[PDB]
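Here the structure comes first, spelled out in structure tokens, and everything after it is commentary.
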Amino acid sequence: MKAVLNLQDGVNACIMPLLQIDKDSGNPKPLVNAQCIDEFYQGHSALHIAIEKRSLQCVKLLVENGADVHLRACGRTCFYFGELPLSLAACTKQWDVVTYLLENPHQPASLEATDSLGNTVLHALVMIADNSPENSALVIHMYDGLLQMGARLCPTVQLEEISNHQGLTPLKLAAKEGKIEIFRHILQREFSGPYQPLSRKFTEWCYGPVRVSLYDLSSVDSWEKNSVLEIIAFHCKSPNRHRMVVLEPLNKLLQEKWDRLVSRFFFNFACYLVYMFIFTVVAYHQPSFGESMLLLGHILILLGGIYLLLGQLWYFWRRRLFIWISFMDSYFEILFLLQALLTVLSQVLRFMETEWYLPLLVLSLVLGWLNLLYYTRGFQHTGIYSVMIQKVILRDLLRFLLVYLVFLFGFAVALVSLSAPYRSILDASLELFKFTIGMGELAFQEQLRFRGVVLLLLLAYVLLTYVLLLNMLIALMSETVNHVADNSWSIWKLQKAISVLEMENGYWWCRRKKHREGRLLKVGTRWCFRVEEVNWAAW
Amino acid sequence: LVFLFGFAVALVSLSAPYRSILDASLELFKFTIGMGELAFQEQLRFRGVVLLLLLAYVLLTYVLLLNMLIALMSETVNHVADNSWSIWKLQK
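Same order as they appear, the protein sequences are chains D and C. Mapped onto PDB author numbering, the consecutive letters of the first sequence carry residue numbers 122 to 197, 205 to 416, 429 to 559, 588 to 693, 702 to 715. Mapped onto PDB author numbering, the consecutive letters of the second sequence carry residue numbers 545 to 559, 588 to 664.
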């Protein structure tokens, strides 16, 4: 290794005696496939050094002498290249080296090898990719080159259908990690010519600016498990998961599924409005002819609460297991579960005959209408700007409230201790808050117990609560006036995609079957989806 | 409107507002102009929870108004660049 590890071009002249000095002399164990044991470069060996040095004669000589090509480096900020000499050559843009490594170097390398994680060269190229305009060209060029060469060498195996150790493929791995640049290229691979079979888009006809294409569909949820549509929507922690859903193969597919399931959305909306009206009417007409209807209303409310609780439970601990929270996009499922639990908790007290049921029955009424805003997503385009909520209030408003509560309680305790409350601090605490939203009461105590000393301290609480509000407003404005983007269409489309993917399964009591999109077309010896596209940017 | 009606009917059902819904709706709306009451009375059996409902109502109203103001500011930022004189000329 130290002989190879050099920067001079002439150091290849000293390995010539060493080739046969150790080869034909003892060495029960092999001579050249030695690996480092430093626990950070376990398996680095000597071939990796030769390949990394941008050298071609050294790697030729080592392979000729009998070096092993299937040697993996383990250990190790790390540099992940695929843990294989072929993957290392591919990732470093060495066409001459990679061609020789698998064409005929004696004991040729395999294009379908693993690296103890299930990844192959195609997985490694996707994983190291980037959204930068420079790396994308290299990744696409090498991916296409290796794909073309695989058919030339071994056309009996599909390199792009080899599963990872997590059940993933390069197409799905590019979607989970968020590599949009290599994802879009894979979805729209043309390859017109002798390499037509290894393509995914088959243009049908073109006339003027109009084109008609047939996209291949290995990314449809129906008749598939762990499909690309679920990975891009559920098992994806990336900020660009919304920009990967407006691509041409997916946009029309989601639109034709949303148009099919738009009646059930409003049917559920109506079935929820009727339930809320009945609940409000029953709650208003408290017991403290018409006596028979009250029992029926209570039974209906209990049944509705049980149904909602069962639905939310089946959603949580039976389908979206291993949620891992990530980012709280399920902002309304928790509220639905809370309302469903509170309703049944309030209604179960009839057997207990406890007067404490009245407050809870009120709370379920407050959340119910508050949950009605959930359905404001399919109603026209309403919801494109409704997503301007819960942007930073999850973080900024939390700190604002934490500071405000401390500044409230400290001043309240100070006012109580200094002094017109007598023994209770609740009165002063509520008066301090009423001084903000309402009118309040500003006076010199009760002209007793010294008095007047407490007034000077009150002049600072108002200033603090004013400046905190000003800072919060400034932060909110500075997060909106600048950094403003028209990327709302993508957010609304992602919300509609999630809703469509949820409604496709059906209800927990009547599991509806699946429906496959596209027709079983054939292009040569393949389900396809026809998309028209009009673009007046010709030339 | 739906927020105000839901809170008013909840407060009416809980027994601070009193009697019917229209007067309760007036009491809830009065908080928006600036004047409000938070004494929550003392003869009410279910006190405290009324205070929680009022706090939730005022917080929701404030956040809704802030979001509306932000949307108005964002909209006015866009179409202010070079359309002041032309509209007046078209009206003339």
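Cβ coordinates follow ideal geometry from the N, Cα and C atoms, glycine included.
Exercise. Which two residues bound the contiguous alpha helix (DSSP H) that contains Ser432/D?
Worked result: 431-458
Problem set entry | As assigned by DSSP and simplified to three states, the class of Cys678/D | coil
Exercise. For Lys329/D, which residues does DSSP report across the bridge?
Worked result: For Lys329/D, which the question treats as bridged, DSSP gives the partners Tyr343/D.
Exercise. What residues of chain C sit near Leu505/D, judged by a beta carbon separation below 8 Å?
Worked result: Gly550, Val553, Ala554, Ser557
Problem set entry | the region 597-625 of chain D: positions lying closer than 9 Å to chain C by Cβ | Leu598, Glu599, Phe601, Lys602, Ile605, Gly606, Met607
For this session: Anything in chain D within Cβ reach of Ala643/C, meaning under 8 Å, just list it in chain order.
Result: Simply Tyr525, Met528.
Problem set entry | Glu384/D: first and last residue of the uninterrupted beta strand (DSSP E) it sits in | Counting along the chain, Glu384/D falls outside any beta strand (DSSP E), though it belongs to the alpha helix (DSSP H) covering 376-388.
Exercise. Is any beta-carbon of chain D found at less than 9 Å from that of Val546/C?
Worked result: yes
Exercise. Are the Cβ atoms of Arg617/D and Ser559/D separated by less than 9 Å?
Worked result: yes
Exercise. What separation, rounded to the nearest whole angstrom, lies between the Cα atoms of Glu384/D and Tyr335/D?
Worked result: Separation of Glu384/D and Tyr335/D (C-alpha to C-alpha, rounded to the nearest whole angstrom) is 24 Å.
For this session: Tell me the start and end of each unbroken alpha helix (DSSP H) in the region 612-662 of chain C that is at least 4 residues and wholly inside, in chain order.
Result: 621-650
Problem set entry | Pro499/D: contacting residues in chain C (beta-carbon distance under 8 Å) | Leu558, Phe618, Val621
Exercise. Nearest-angstrom Cα distance between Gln156/D and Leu230/D?
Worked result: 22 Å
Problem set entry | Residues that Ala411/D contacts on chain C, provided the C-beta gap is smaller than 7 Å | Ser557
Exercise. With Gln487/D and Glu473/D assumed to form a contact (beta carbons below 8 Å), what rounded beta-carbon distance in angstroms separates them?
Worked result: Going by Cβ atoms, the distance from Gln487/D to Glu473/D rounds to 22 Å, so no, they are not a contact pair.
Exercise. Would DSSP call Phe705/D helix, strand or coil?
Worked result: strand
Exercise. Considering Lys144/D, what are the terminal residues of the alpha helix (DSSP H) in which it resides?
Worked result: 136-144
Exercise. What in chain C is Cβ-close to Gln487/D, meaning under 9 Å?
Worked result: None at all; the shortest Cβ gap to chain C is about 15 Å.
For this session: May I have a chain-ordered list of the alpha helix (DSSP H) segments no shorter than 4 residues that lie completely inside the region 149-187 of chain D?
Result: 168-173, 178-186
Exercise. Just the Cα atoms here: how many angstroms apart are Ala554/D and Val635/D?
Worked result: Rounded to the nearest angstrom, the two C-alpha atoms are 21 Å apart.
Exercise. In angstroms, rounded to a whole number, what distance separates the CA positions of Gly321/D and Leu512/D?
Worked result: 55 Å
Exercise. Are the C-beta of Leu638/C and some C-beta of chain D separated by less than 9 Å?
Worked result: Yes, contact with chain D.
Exercise. Is the Cβ-Cβ distance between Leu610/D and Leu626/D less than 9 Å?
Worked result: yes
Exercise. Is it right to say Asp224/D is buried, meaning 16 or more other beta carbons lie within 10 angstroms of its own, or is it exposed?
Worked result: exposed
For this session: Work out the CA separation of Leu507/D and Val546/C for me, nearest whole Å.
Result: Near 12 Å, if we compare the C-alpha coordinates of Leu507/D and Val546/C.
Exercise. Who are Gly608/D's beta bridge partners in DSSP?
Worked result: Paired residues: none, contrary to the question.
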